[PDB]
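Q:
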Amino acid sequence: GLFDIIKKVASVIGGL
Amino acid sequence: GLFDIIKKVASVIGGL
Amino acid sequence: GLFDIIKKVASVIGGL
Amino acid sequence: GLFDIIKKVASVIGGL
Amino acid sequence: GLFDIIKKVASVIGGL
Amino acid sequence: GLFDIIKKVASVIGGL
Amino acid sequence: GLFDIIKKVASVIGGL
Amino acid sequence: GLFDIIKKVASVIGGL
Amino acid sequence: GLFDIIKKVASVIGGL
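Protein chains in written order, with the authors' numbering: chain F, 44 to 59; chain C, 44 to 59; chain I, 44 to 59; chain H, 44 to 59; chain B, 44 to 59; chain A, 44 to 59; chain G, 44 to 59; chain E, 44 to 59; chain D, 44 to 59.
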């Protein structure tokens, strides 16, 4: 498109 | 399109 | 379209 | 109470 | 309470 | 058996 | 048996 | 409380 | 058996 954002993420977090 | 956002996410979180 | 947002997410959360 | 245990868990296991 | 245990866990295991 | 394959897998993928 | 395949899998995918 | 334990964990294990 | 393959895997991929 004109202003594309593609964001892909995956995470393991040990507690917040 | 014009202003596309594609967001894909998957996560494992050890407790909030 | 003009202002598309596509969001896909899947998660495993160890307790809130 | 007096002797509280709160346990929350969620998991993905690739086969036992 | 008096003797609180709070346990939160989430895991991905590649086969047992 | 004779020609055994045992495959166990589990995964978190942040978007394909 | 003779030619056994055992496959076990479980996954979380953040969008295809 | 008096004797609090808070435990939060999350893990990826490549096979046991 | 005779020709055993045992494969165990688990993974977090930040987007393909």
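For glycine and all other residues, C-beta sits at the position ideal for the given N, C-alpha and C.
Measure how close the beta-carbons of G57(G) and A53(F) come, nearest whole angstrom, since I'm counting them as under 8 Å.
A: Confirmed, about 6 Å.
Q: Between the C-alpha atoms of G44(B) and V55(C), what's the straight-line distance to the nearest angstrom?
A: Near 29 Å, if we compare the C-alpha coordinates of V55(C) and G44(B).
Q: Rounded to whole angstroms, what is the Cα-Cα separation between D47(E) and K51(B)?
A: Roughly 14 Å between the two C-alpha positions.
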